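Next up: a single chain in structure tokens, the form deposited in one PDB entry.
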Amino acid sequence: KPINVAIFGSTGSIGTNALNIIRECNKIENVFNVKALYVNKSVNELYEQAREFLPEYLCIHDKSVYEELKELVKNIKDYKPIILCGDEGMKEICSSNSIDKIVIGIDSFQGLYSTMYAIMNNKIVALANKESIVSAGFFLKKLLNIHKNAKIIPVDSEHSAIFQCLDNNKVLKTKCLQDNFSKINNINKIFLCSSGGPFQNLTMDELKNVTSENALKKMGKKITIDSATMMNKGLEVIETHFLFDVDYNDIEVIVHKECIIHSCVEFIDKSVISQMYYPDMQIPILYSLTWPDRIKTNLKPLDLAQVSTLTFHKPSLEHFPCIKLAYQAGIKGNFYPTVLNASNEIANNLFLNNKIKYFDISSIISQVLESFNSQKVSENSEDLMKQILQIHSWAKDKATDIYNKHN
């Protein structure tokens, strides 16, 4: 019977890629029902998407465009959706028995809260939002132990790759973010592939003076800066640890400039399995919705002969010290990942806005990490989410204070 889907952040990158692959797949046979759309504040696009997909639920976060939305939707003949607003609408969608799978394609607070409510409702959650895993991994783990039928399915491309390499007869004995995931799946080590970003050929003296322009000039600005500093991969290392329970000494970052091998899993016998395709978000999103099955697509087949050459090299931790900081934070454990994520949000934005230099990014983050003290990890879910929010806010303030002191 159908796959019933809600998209949170439907006008974002994840959201439109999801709707694209759904639409295309549905042309081949009707497998997907788009039951709910949720957007922040693109009331117009949401209306356009509603025309096409006609979900039972519409929701917009911003109350200031709530009335407008309702007014635009009247124009659609033969259509009486449930139209909702804000956090309250979010919760209603997540509690709907008609929804099976929820795509989280929003970031930050909205991202963690929708994820939380989707888990509390025992749904399958297709999560792209790595910062929520890095920052609030312990909270997600606890929730997933309370809500036994909820599952997080990874959509971040490298993590999708890893997941796609597994035997689902073993996956089904566990789930992502569970202790012992790697043990049950016989995983030994992970090769986490990277584009390497724009600065792999730059000397230290060149990196000293690179600018945000040099990094941007195709994805969002924040992830683009993180790809430039390789803090994206550093966050993706922590994401791997949490999703798959792989030790940090068994995660290896490898620079694969062609971006065809998306990542690789070494099993305990030392056999390596990898997932490969053109650089792509459609397959990761689609697999999150079809797992543990696959369905036909009309995607272009990989032409391995035409690709011709694949290359792999080790990243320099001197040139990309954000990688080292991510490992350090993850190995220290506790809430150090929360602090890393929060301090990077500030340092990334400073650099983006030409306030600091490349090596200042890692300097600031390092100084924030050094000032944090491990805290007792709460057993209680509500207390734990509070600790994470408090630490997150502290680390942002601290990063800002270190910036302002030097400046």
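All residue numbers refer to positions in the sequence shown, first residue = 1. So that the term is clear: the rigid core is the largest set of C-alpha atoms that superpose within 1.5 Å between two forms.
From this point on, the text means the form deposited in another entry, which you will not see here.
> Kindly specify the one residue in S274, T290, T174, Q110 whose Cα moves by 2 Å or more between this form and the one not shown, with superposition done on the rigid core.
So the only displaced C-alpha belongs to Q110.
> How about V73 - superposed on the rigid core, does its CA move between this form and the one not shown by 2 Å or more?
It does shift by 2 Å or more.
> Relative to the superposed rigid core, does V43 relocate between this form and the one not shown - that is, does its Cα move 2 Å or more?
Passes the 2 Å threshold, so yes.
> For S371, state whether the C-alpha moves by 2 Å or more between this form and the one not shown after rigid core superposition.
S371: C-alpha displaced by less than 2 Å between this form and the one not shown.
> By 3 Å or more, the Cα spacing of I28 and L302 differs in the other entry; is it closer or farther than in this view?
Farther: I28 and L302 separate by 3 Å or more in the other entry.
> Do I28 and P279 have their C-alpha atoms closer or farther apart in the other entry than here, with the shift being 3 angstroms or more?
Residues separate in the other entry, at least 3 Å farther apart.
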